[PDB]
Amino acid sequence: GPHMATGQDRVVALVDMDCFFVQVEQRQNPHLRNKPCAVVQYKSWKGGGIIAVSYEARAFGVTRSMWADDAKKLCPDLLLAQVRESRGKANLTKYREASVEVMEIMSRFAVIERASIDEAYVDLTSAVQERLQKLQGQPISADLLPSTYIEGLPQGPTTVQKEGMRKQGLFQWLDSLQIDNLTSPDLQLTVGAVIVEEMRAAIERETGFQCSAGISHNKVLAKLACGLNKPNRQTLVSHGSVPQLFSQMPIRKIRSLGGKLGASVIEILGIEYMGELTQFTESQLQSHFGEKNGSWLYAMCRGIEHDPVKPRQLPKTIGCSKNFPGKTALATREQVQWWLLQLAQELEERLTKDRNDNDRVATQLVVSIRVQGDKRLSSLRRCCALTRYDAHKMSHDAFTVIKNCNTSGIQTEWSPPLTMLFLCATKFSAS
DNA sequence: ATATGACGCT
DNA sequence: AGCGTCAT
Ligand SMILES: Nc1ncnc2c1ncn2[C@H]1C[C@H](O)[C@@H](COP(=O)(O)NP(=O)(O)OP(=O)(O)O)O1
Ligand SMILES: [Mg+2]
Ligand SMILES: [Mg+2]
């Protein structure tokens with residue numbers, strides 16, 4: 001009772017850009033704004049695979065991973081923008097640079113952890129306290145949170161509109177706030193949400209990009225909260241909202257549970273929602289899923305998670321990959337050498353950029369391949385030393401460490417055909 | 001036939 | 001080290 005830890009010791013946020021690749025193209029081309037539009041790679045095969053969808057196009061049913069020709073059937077007025085192609089492969093330089101614009105603005109407010117190209121976690125714990133002493137006891141007006149939803153609110157007896165429902169929840173939340181108390185976790189989330197409103201106001205104002213965000217006590221709840229009110233809104237998930245939120249929250253919606261372990265949690269325990277995990281003791285969950293998973297599950301279903309926000313705005317690896325599906329699979333020794341050079345050339349261009357910008361050198365190269373028929377994403381991984389940022393040496397050394405896999409007695413041929421080539425620069429050191 | 005990045009297990 | 005899982 002008096003000695004229970006509720007996991008209310010941190011204020012963690014997850015900011016995620018709304019249809020990021022689309023917004024990047026819409027800022028560059030005004031004709032694409034406020035219209036159903038999507039981003040595609042490789043216009044040849046069925047018009048190109050869609051990798052980002054605007055919300056105007058999502059209303060028609062256009063989704064990611066869909067072929068552009070199929071998406072034109074659902075949305076005939078759909079506009080398209082192609083990803084730049086360099087050396088025969090997709091080139092995402094325009095979006096990595098747009099990412100750095102946002103990451104540097106978020107870095108001004110608090111420590112962030114780059115989670116993807118369009119999202120980063122934030123640890124607002126140190127920023128919330130210093131803001132609390134600056135507001136010497138004065139309350140928080142709703143004008144400081146013009147786009148914040150309070151998950152679970154409004155409730156009970158006192159509108160039909162979406163935005164009307166938002167403020168009544170914020171009103172109930174603010175009216176019950178304990179500003180008398182600086183050790184109140186619910187007050188810390190509110191100050192954290194005020195800061196995120198300022199961060200997101202700075203992002204849109206200095207880049208033109210809109211984003212959603214989640215504010216809670218850990219990374220998992222923040223990411224879940226971020227998806228509740230997209231687009232362009234932030235959601236506060238408090239500790240008290242967890243039981244009702246998790247009572248019907250599918251297990252797959254929780255981070256790290258959308259894969260196989262989440263499936264076995266559903267099958268073995270025979271449950272549907274995240275809240276049903278509270279019935280089980282920790283030893284039971286440890287016996288079914290291991291000591292790490294059982295401990296993590298037992299605390300997560302109660303809204304408690306301890307994975308810290310690592311101060312890391314830079315990637316740990318720099319890699320280049322390209323798939324060769326179907327009959328396009330590389331089957332000649334000349335093809336494999338040529339594409340390894342194309343990958344190594346772009347890799348050098350990115351590594352030299354990384355060494356001048358970020359003062360570090362990659363020290364080893366990882367070569368990954370997939371053969372025709374193998375189900376796993378990777379079929380084989382071999383590694384060597386990355387001494388020079390030389391595209392011809394890297395591609396040559398990459399070929400040296402994979403030429404054994406060629407089960408073809410012929411010199412000029414390559415069997416089995418290669419489905420994917422992948423070079424990855426890892427193991428950085430200060431330069 | 002939809003290019004990447006972080007991390008755990010052994 | 002090499003493979004597997006999870007994610008955008
Ligand atoms: N499977 C994939 N293939 C290629 N590119 C992808 C991808 N997933 C993401 N991207 C690229 C394209 C995306 O623009 C960006 C982030 O994708 P999200 O954050 O998962 N979803 P979005 O930001 O598009 O909209 P919203 O967050 O409101 O749902 O990374
Ligand atoms: Mg996004
Ligand atoms: Mg995202």
Side-chain angles (χ1 to χ4, degrees), chain A residues 14 16-21 38-53 62-71 83-96 99 113-121 219-220 223 226-227 252-264 289-293 296 307 309-310 312-329 342-343 346-347 350 364-370 372 374-385 401-402 405 419-428:
Chain A
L14 186 273
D16 185 278
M17 311 308 303
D18 299 331
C19 51
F20 183 49
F21 285 21
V39 183
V40 287
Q41 317 170 157
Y42 310 139
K43 276 292 236 293
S44 296
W45 186 268
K46 310 192 183 193
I50 290 181
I51 68 178
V53 194
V62 180
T63 61
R64 166 188 36 229
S65 164
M66 184 176 292
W67 293 124
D69 292 352
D70 301 326
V83 166
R84 182 190 314 154
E85 271 177 69
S86 300
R87 308 172 203 85
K89 67 179 298 295
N91 177 18
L92 321 180
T93 299
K94 191 203 298 185
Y95 314 108
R96 295 192 182 94
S99 175
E113 180 191 319
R114 181 196 194 271
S116 90
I117 193 175
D118 82 297
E119 60 204 283
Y121 292 93
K219 292 208 288 163
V220 173
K223 181 184 178 51
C226 178
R252 68 175 174 273
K253 303 298 177 182
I254 303 297
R255 194 195 63 174
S256 69
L257 297 191
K260 286 207 261 237
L261 165 76
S264 53
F289 311 106
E291 232 150 52
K292 258 194 62 193
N293 296 337
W296 183 92
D307 186 19
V309 185
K310 294 110 169 197
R312 197 173 57 242
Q313 299 154 5
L314 301 198
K316 290 183 163 170
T317 70
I318 298 187
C320 301
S321 52
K322 174 166 176 48
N323 301 337
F324 304 89
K327 296 169 185 172
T328 76
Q342 302 314 295
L343 291 182
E346 186 204 328
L347 183 60
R350 292 216 267 154
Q364 91 151 91
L365 180 74
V366 188
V367 195
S368 182
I369 63 179
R370 185 188 334 114
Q372 209 168 33
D374 188 22
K375 35 206 95 180
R376 302 104 48 172
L377 270 285
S378 175
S379 294
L380 183 119
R381 258 170 292 183
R382 295 301 193 266
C383 72
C384 66
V401 305
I402 67 167
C405 313
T419 306
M420 177 220 62
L421 291 186
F422 188 7
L423 291 175
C424 189
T426 70
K427 275 166 204 120
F428 289 75

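Each chain gets a letter, A, B and so on, in the order the sequences are listed, and its residues count up from 1.
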Side chain of A/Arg255 - closest among B/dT2, C/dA7, B/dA3: C/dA7
Per atom distances to the A/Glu119 side chain, the nearest of B/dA1, C/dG2, C/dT8 is C/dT8
Closest to the 5' end of DNA chain C, once A/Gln364 and A/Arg376 are matched to their nearest nucleotides, is A/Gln364
What interatomic distance, in whole Å, is found between P of C/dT5 and the corresponding atom of B/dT4? 23 Å
Heavy atoms of A/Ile318 and A/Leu347 approach each other most closely as O-CD1, 3.4 Å
Could you tell me how far B/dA3 sits from C/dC6 if I compare only their P atoms? Round to whole Å. 23 Å
Does a side-chain N or O from A/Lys223 land closer than 4.0 Å to OP1 or OP2 of C/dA7, or not? no
Spacing between A/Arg64 atom CZ and B/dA3 atom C1', to the nearest angstrom: 13 Å
Against the side chain of A/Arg382, the closest entry in B/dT2, C/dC3, B/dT4 is C/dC3
Out of B/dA6, B/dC9, B/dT4, whichever nucleotide has its closest atom nearest the side chain of A/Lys292: B/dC9
Between A/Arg96 and A/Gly326, which has a closest nucleotide on DNA chain B that is more 5'? A/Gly326
Is there a side-chain contact between A/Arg370 and the phosphate of C/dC3, meaning an N or O under 4.0 Å from OP1 or OP2? no
A/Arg87: salt bridge (charged side-chain N to carboxylate O under 4.0 Å, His left out) partners, not counting sequence neighbours: A/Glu349
OP1 or OP2 of B/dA3 under 4.0 Å from side-chain N/O of A/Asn323: yes
Measure from the side-chain heavy atoms of A/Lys260 and tell me the nearest of C/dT5, B/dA6, B/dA3. C/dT5
